Amino acid sequence: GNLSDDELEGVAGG
Amino acid sequence: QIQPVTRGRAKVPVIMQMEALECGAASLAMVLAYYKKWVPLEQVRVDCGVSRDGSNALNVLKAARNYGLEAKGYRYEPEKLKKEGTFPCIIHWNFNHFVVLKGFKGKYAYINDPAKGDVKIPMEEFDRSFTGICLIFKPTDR
């Protein structure tokens, strides 16, 4: 939406 | 025919993570189940790329897209999530975790947490626990 693919790739969770 | 909810809360079935690293996959499984896209949970884990670092938002979104959902990632402050969010959506939680946001009512956020089941979070706690990242889904042709 307002985030690039690389920024989304760094959002991580279990 | 099932659309996202923009007004109240989405009725979303509870799926628990079978182990701690799986929250991403459990959360997308619940979103898939809301739209009645039947995909074995084992398949979802593998398509989300569950690793020793859990999953990441880019891979959750890519897996959702291959299953026929339109999927976008936003950074929202809490107040704009409340205003413009659609439900269910997946949200990043304590910098660690993914949960499914079903919506808001009163002083409460309604979540399916893969570690806890269906919970009601007080707004103040919601506001500190939501990190800002929100994955927003819509069915296929548009």
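Residues numbered from 1 in each chain as written, not as in the entry; some residues may be left out. Chains lettered and ligands numbered in written order. Heavy atoms only, no water.

The PDB entry annotates chain B as Double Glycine Motif Protease domain from AMS/PCAT Transporter originating from Lachnospiraceae bacterium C6A11. The deposited PDB record carries the title "Crystal structure of a double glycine motif protease from AMS/PCAT transporter in complex with the leader peptide".

Looking at the side chain of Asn112 of chain B
Residue and element names in this part refer to chain B. The test is simple: Strands are runs of DSSP state E lasting at least 2 residues, helices are runs of H or I lasting at least 4, and numbering of each runs from the N terminus. What qualifies as a polar contact is a pair of N or O atoms within 3.5 Å, subject to a donor-acceptor requirement within protein and to the restriction that residues adjacent in sequence count only when both atoms come from side chains. When checking whether two residues touch, look at their non-hydrogen atoms; a contact exists if any pair is within 4.5 Å.
Checked against the element boundaries, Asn112 lands in strand β5 (residues 108–113). Reaching out from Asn112, the side chain makes a polar contact with the backbone oxygen of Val12 at a distance of 2.8 Å. A polar side-chain atom of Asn112 sits 3.2 Å from the main-chain carbonyl oxygen of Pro13. Among all residues touching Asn112, those that are not within four sequence positions of it are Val12, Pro13, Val14, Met30, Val99, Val100, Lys102, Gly117 and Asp118.

Let's talk about the nonpolar core
Counted only if it meets this: Within this scheme, the nonpolar core is defined by two criteria: the residues are buried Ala, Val, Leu, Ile, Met, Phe, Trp, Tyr or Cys, and they are joined through side-chain atoms within 4.5 Å. To sort residues, take the accessible area from a 1.4 Å probe on protein chains only and compare it with the maximum for the residue type: under 20% means buried, over 50% means exposed, and anything in between is partly exposed.
Core analysis: the biggest nonpolar cluster contains 49 residues, and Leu28, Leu81, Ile91, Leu101 and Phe126 of chain B have the highest contact counts within it. With residues up to four places along the chain from it excluded, the contact list for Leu28 of chain B reads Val44, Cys48, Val60, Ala63, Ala64, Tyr67 and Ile90 of chain B.

Observations regarding the packing of helix α1 (residues 23–34) of chain B against helix α2 (residues 41–48) of chain B
All names here are of chain B. The condition that has to hold: Axes, fitted as lines to C-alpha atoms, cover a helix only where it is in contact. Angles between the N-to-C directions of the axes lie from 0 to 180 degrees. Between 65 and 115 degrees an angle is taken as roughly perpendicular, under 35 as roughly parallel, over 145 as roughly antiparallel, and anywhere else as oblique. In this scheme the handedness of a crossing depends on how the near helix is turned from the far one: anticlockwise by less than a right angle means left-handed, clockwise means right-handed.
Two numbers describe how α1 lies on α2: the axes approach to 9 Å, and their chain directions differ by 120°. Looking at the two axes, α1 sits oblique to α2. In this structure, α1 crosses over α2, and the sense of that crossing is right-handed. Residues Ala25, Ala26, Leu28, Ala29 and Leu32 of α1 form the contact with α2, whose participating residues are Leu41, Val44, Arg45 and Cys48.

Some points on helix α3 (residues 57–66) of chain B
Within α3 of chain B the residues assigned to the buried category are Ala57, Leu58, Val60, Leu61, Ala63 and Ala64 of chain B. The backbone nitrogen of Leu58 of chain B has a side-chain oxygen 3.1 Å away, supplied by the residue at the start of α3 of chain B, namely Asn56 of chain B.

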